[PDB]
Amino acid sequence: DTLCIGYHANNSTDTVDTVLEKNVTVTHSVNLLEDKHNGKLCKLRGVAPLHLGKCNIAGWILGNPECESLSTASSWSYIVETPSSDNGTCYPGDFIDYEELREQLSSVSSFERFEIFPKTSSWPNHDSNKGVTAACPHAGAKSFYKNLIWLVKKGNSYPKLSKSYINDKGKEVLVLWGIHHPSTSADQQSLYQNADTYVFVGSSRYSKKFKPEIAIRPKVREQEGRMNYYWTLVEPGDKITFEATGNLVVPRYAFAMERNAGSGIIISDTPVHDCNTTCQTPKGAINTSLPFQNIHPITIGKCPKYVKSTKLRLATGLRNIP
């Protein structure tokens, strides 16, 4: 009559490593490493991302004729560009503080686009129709950004213009405008009669005078001239003033905007879907409670720490014998 004392065993093949021994077979185990994503770009808090698809931020805000898709959503958790989305600033130029702008726009609480300077009523002494170019084609036809207007002289006359907007929204207004630098002093007077011109923009915090730099730059999209793009946020109750004797690409549409920090921008081909996620990567979303993931270093949301590990198998049972 005997009584023995022993321990469990099974068909398990799970191995784990210890400080003293490698490849130790155990009866039970859990994985602390999340290595599984749903290969989709999903919605963040509860809101979906802004997908530009074909265009990039530059093209989207300026209103490139190709980014004419939709009356865009009023809010987004983050932004998605594709690695091959090229249509942005069609007219060659320099977008000032572009990266900063992209960051500021990465995630928005409310976002409504309005006509800051109505085309019909705003510019009575200047031509607001001739301002199109072959550098911004929309179906064969020469066209231009939708949110800006390329003001040219009205029959051999370009009077000093002076327009002001006063932020009567309840939120910040994002105002964009351009400065045009002709290639030749002939093109200069052809467009804005006056030879020596200037543009001035000013608010309570912003103030800068612009002098057109006239010269022949190497051809880009057929243009030897250039066009630099500027932007600023007008505080509620504040007012912004435009003043130019030429070369000013005036604002038409601006953006009443309320932003919430803490997001970014994903460049990926990964399809956007209607699903929830607490953590997003360029390769797809991550649904997990685990502390570590080896899916991607660049992450958006409340995510697991990125690790180089391939397997983090944690032993819960005991050594396995037959």
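The first residue of the sequence shown is number 1, and the count goes up from there.
The mean Cα B-factor in the deposited entry runs higher for 26-34 than for the other of 26-34 and 58-66.
Here the stretch with the larger average CA B-factor, out of 175-183 and 126-134, is 126-134. You'll see in the entry that, of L44, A285, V272, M257, the Cα B factor peaks at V272. Highest C-alpha temperature factor among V250, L105, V220, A139 per the entry: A139. Ranked by C-alpha B-factor against the other modelled residues of its chain, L148 falls in the middle third. The PDB entry assigns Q193 a C-alpha temperature factor belonging to the highest third of its chain's modelled residues. When the CA B factors of the chain's modelled residues are split into thirds, the value for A73 lands in the highest one.
Per-chain ranking of the deposited C-alpha B factor places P291 in the middle third.
Sort the chain's modelled residues by C-alpha temperature factor and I267 lands in the middle third, per the entry.
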